[PDB]
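Visitor: Have a look at the structure that comes next, please.
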Amino acid sequence: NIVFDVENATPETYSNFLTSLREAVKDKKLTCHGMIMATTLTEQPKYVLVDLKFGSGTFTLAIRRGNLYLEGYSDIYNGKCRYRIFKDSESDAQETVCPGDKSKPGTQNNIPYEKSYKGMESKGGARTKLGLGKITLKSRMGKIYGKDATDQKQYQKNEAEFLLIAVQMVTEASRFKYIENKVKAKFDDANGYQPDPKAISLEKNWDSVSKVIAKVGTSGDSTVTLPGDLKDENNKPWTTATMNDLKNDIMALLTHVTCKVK
C-alpha cells in the first residue's frame with residue numbers, strides 16, 4: 001500500500017508517488033509497445049490502499065488494482081475510522097478502508113451519488129472548472145476531514161470537489177503521463193490545472209486508447225489512429241498520434257490488454 005504526503009509534496013514527490021502506485025497495480029509480466037499495463041481484476045490483492053496525508057490527518061483511498069476505480073475512502077470521525085462509500089461501491093469497500101468494520105452504513109458513510117464523474121459532478125460541479133494541484137487538493141482535504149457528513153450545503157459539495165481532484169490526481173495521473181505533467185506544471189498554483197479537452201478525452205477513453213495501441217503490429221514508431229471523438233488541448237479533433245508520442249507524452253499505464261509487440 002502507498003502513501004502520498006500532500007501537504008509537503010513537491011512535483012518530484014508527486015511523480016515518485018505515481019511511479020509507486022503504477023508499480024503496485026501493473027501486470028508483472030505483460031507489456032505493450034514498451035508500456036506497462038494494469039493487472040487483472042482476478043489477481044490478489046483486489047485493492048491497493050492510497051493514504052493521502054496532510055497536517056490534520058490521513059485519508060485512506062481504496063483503489064481497485066485492475067481498473068484503478070476509487071471504491072471509497074475513510075478518514076477519522078469522532079475518534080473512529082469512518083468509511084465513505086458511493087451508492088454503487090463494491091460491497092467490500094467498507095471493510096477495505098476500515099479493516100474489520102461490519103457496521104451497517106449510515107448517513108455518515110453514504111456518499112449520495114455514484115462513483116462516476118457524472119455522480120461526483122452532481123455535487124461538485126463540472127470538473128473542468130476545478131483545478132488539480134497541491135493547493136486545491138490540500139484545501140478540500142482540510143474542509144472535510146473529520147467533519148459531519150450530513151451537511152449537504154458545505155460538506156457534500158466540498159467532498160465531491162475533494163473526490164474529483166483526488167481521483168484525477170491519483171488514478172488519472174497514474175494512467176496518463178499527460179495529466180501528470182500538466183498537474184506538475186501548475187503544482188503549487190492556487191488555481192491548479194483545470195483539465196483541458198485532451199485530459200477529459202483521455203479520461204473517457206482509457207480502454208479504447210489502450211486497445212488501438214495494442215492492435216498495432218508495427219514495432220518502433222508509427223501513426224496510431226485513435227478512437228473517435230477525442231479532442232486536443234484546444235478543443236480540436238485529435239484523431240491520430242504517433243506511438244512515440246503516446247509512449248512518451250501521453251500514456252503512463254494502459255488497461256489490461258493482449259498485445260502483439262512487447
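So you can find residues: chains in the C-alpha cells are A, B, ... in the order shown, residues in each start at 1, and ligands are numbered from 1 in order.
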Would you list the contacts of segment 237-240 of chain A as a PyMOL selection string, taking every protein, DNA or RNA residue within 9 Å and counting only C-alpha atoms, but skipping same-chain residues closer than 3 positions in sequence?
Guide: chain A and resi 198+223-232+234
Visitor: Filtering to C-alpha atoms, could you give me those residues as a PDB file, in the first residue's frame?
Guide:
ATOM      1  CA  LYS A 198      -7.387  16.408 -24.109  1.00  0.00           C
ATOM      2  CA  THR A 223       0.938   6.573 -36.741  1.00  0.00           C
ATOM      3  CA  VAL A 224      -1.826   5.286 -34.488  1.00  0.00           C
ATOM      4  CA  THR A 225      -5.430   6.076 -35.421  1.00  0.00           C
ATOM      5  CA  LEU A 226      -7.208   6.982 -32.190  1.00  0.00           C
ATOM      6  CA  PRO A 227     -10.781   6.157 -31.084  1.00  0.00           C
ATOM      7  CA  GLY A 228     -13.442   8.571 -32.288  1.00  0.00           C
ATOM      8  CA  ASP A 229     -14.387  11.791 -30.527  1.00  0.00           C
ATOM      9  CA  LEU A 230     -11.109  12.659 -28.781  1.00  0.00           C
ATOM     10  CA  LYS A 231     -10.099  16.340 -28.660  1.00  0.00           C
ATOM     11  CA  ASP A 232      -6.820  18.159 -28.116  1.00  0.00           C
ATOM     12  CA  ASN A 234      -7.518  23.437 -27.813  1.00  0.00           C
TER      13      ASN A 234
END
Visitor: Excluding residue 113 of chain A and residues on its chain fewer than 5 positions from it, collect all residues at most 9 Å away from it, counting only C-alpha atoms, and give them as number ranges by chain.
Guide: A: 86-88, 118-120, 122-123
Visitor: Could you turn the residues from that selection into a file that holds C-alpha atoms, as a PDB file, in the first residue's frame?
Guide:
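What ended up in again10.pdb:
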ATOM      1  CA  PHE A  86     -20.698   5.521  -3.156  1.00  0.00           C
ATOM      2  CA  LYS A  87     -24.200   4.257  -3.823  1.00  0.00           C
ATOM      3  CA  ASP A  88     -22.688   1.767  -6.290  1.00  0.00           C
ATOM      4  CA  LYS A 118     -21.320  12.353 -13.513  1.00  0.00           C
ATOM      5  CA  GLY A 119     -22.076  11.294  -9.946  1.00  0.00           C
ATOM      6  CA  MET A 120     -19.322  13.398  -8.396  1.00  0.00           C
ATOM      7  CA  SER A 122     -23.734  16.311  -9.496  1.00  0.00           C
ATOM      8  CA  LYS A 123     -22.489  17.753  -6.199  1.00  0.00           C
TER       9      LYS A 123
END
Visitor: Just the strand (DSSP E) stuff from segment 13-260 of chain A, please, per backbone DSSP, written as a VMD selection string.
Guide: chain A and resid 26 to 32 35 to 38 47 to 54 57 to 64 70 to 77 80 to 84 223 to 225 240 to 242
Visitor: Can you work out the spacing between atom CA of residue 74 of chain A and atom CA of residue 100 of chain A in Å, to one decimal?
Guide: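 Taking atom CA of residue 74 of chain A and atom CA of residue 100 of chain A, their separation equals 13.1 Å.
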Visitor: Using DSSP on the backbone, list every residue of segment 76-226 of chain A that comes out as alpha helix (DSSP H), and give them as a PyMOL selection string.
Guide: chain A and resi 93-97+117-124+134-144+157-167+173-175+177-185+197-203+206-215
Visitor: For residue 65 of chain A, list every protein, DNA or RNA residue within 12 Å, evaluated using only C-alpha atoms, and leave out those in the same chain fewer than 2 positions away; present the list as a PyMOL selection string.
Guide: chain A and resi 1+21-27+37-50+61-63+67-71+171+174-175+253+255-256
Visitor: Using only C-alpha atoms, which protein or nucleic acid residues come within 8 Å of residue 165 of chain A? Drop anything in the same chain fewer than 4 positions from it, and give the result as a PyMOL selection string.
Guide: chain A and resi 130-133+136-137+161+169
Visitor: Could you list, as number ranges by chain, every residue within 9 Å of residue 244 of chain A, counting only C-alpha atoms and ignoring same-chain residues fewer than 5 positions away?
Guide: A: 220-223, 249
Visitor: Could you save the residues just selected, with N, CA and C atoms, as a PDB file, in the first residue's frame?
Guide:
ATOM      1  N   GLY A 220       8.566  -0.062 -33.193  1.00  0.00           N
ATOM      2  CA  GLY A 220       9.147   1.253 -33.398  1.00  0.00           C
ATOM      3  C   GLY A 220       8.046   2.296 -33.475  1.00  0.00           C
ATOM      4  N   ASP A 221       8.327   3.414 -34.138  1.00  0.00           N
ATOM      5  CA  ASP A 221       7.355   4.493 -34.259  1.00  0.00           C
ATOM      6  C   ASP A 221       6.440   4.311 -35.461  1.00  0.00           C
ATOM      7  N   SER A 222       5.186   4.710 -35.294  1.00  0.00           N
ATOM      8  CA  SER A 222       4.187   4.620 -36.356  1.00  0.00           C
ATOM      9  C   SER A 222       3.017   5.536 -36.007  1.00  0.00           C
ATOM     10  N   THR A 223       2.114   5.738 -36.963  1.00  0.00           N
ATOM     11  CA  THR A 223       0.938   6.573 -36.741  1.00  0.00           C
ATOM     12  C   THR A 223      -0.196   5.690 -36.236  1.00  0.00           C
ATOM     13  N   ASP A 249       4.665  10.968 -24.085  1.00  0.00           N
ATOM     14  CA  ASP A 249       3.918  12.095 -23.555  1.00  0.00           C
ATOM     15  C   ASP A 249       2.516  11.831 -23.039  1.00  0.00           C
TER      16      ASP A 249
END
Visitor: Could you state the separation of atom CA of residue 172 of chain A and atom CA of residue 154 of chain A in Å, given to one decimal place?
Guide: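 It comes out at 25.8 Å.
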Visitor: So which residues touch residue 177 of chain A within 7 Å, counting only C-alpha atoms, skipping near sequence neighbours fewer than 3 positions away, as an MDAnalysis selection string?
Guide: chainID A and resid 173 180:181 249:252
Visitor: Quick one: write out the picked residues with N, CA and C atoms as a short mmCIF file (atom, residue, chain, number, x, y, z; two decimals), in the first residue's frame?
Guide:
data_model
loop_
_atom_site.label_atom_id
_atom_site.label_comp_id
_atom_site.auth_asym_id
_atom_site.auth_seq_id
_atom_site.Cartn_x
_atom_site.Cartn_y
_atom_site.Cartn_z
N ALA A 173 -3.81 10.52 -13.28
CA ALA A 173 -2.41 10.88 -13.48
C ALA A 173 -1.53 9.62 -13.56
N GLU A 180 -0.36 13.90 -15.54
CA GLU A 180 0.67 14.05 -14.51
C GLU A 180 1.50 15.31 -14.77
N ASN A 181 1.97 15.48 -16.00
CA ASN A 181 2.78 16.64 -16.36
C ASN A 181 2.06 17.98 -16.29
N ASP A 249 4.67 10.97 -24.08
CA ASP A 249 3.92 12.10 -23.56
C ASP A 249 2.52 11.83 -23.04
N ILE A 250 1.88 10.78 -23.53
CA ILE A 250 0.50 10.51 -23.18
C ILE A 250 0.20 9.42 -22.15
N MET A 251 0.49 8.18 -22.51
CA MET A 251 0.19 7.03 -21.65
C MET A 251 1.27 6.67 -20.65
N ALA A 252 0.86 6.41 -19.42
CA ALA A 252 1.77 6.00 -18.37
C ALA A 252 1.43 4.56 -17.95
#
Visitor: Between atom CA of residue 188 of chain A and atom CA of residue 145 of chain A, what is the spacing in Å?
Guide: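 Here the two named atoms are 21.1 Å from each other.
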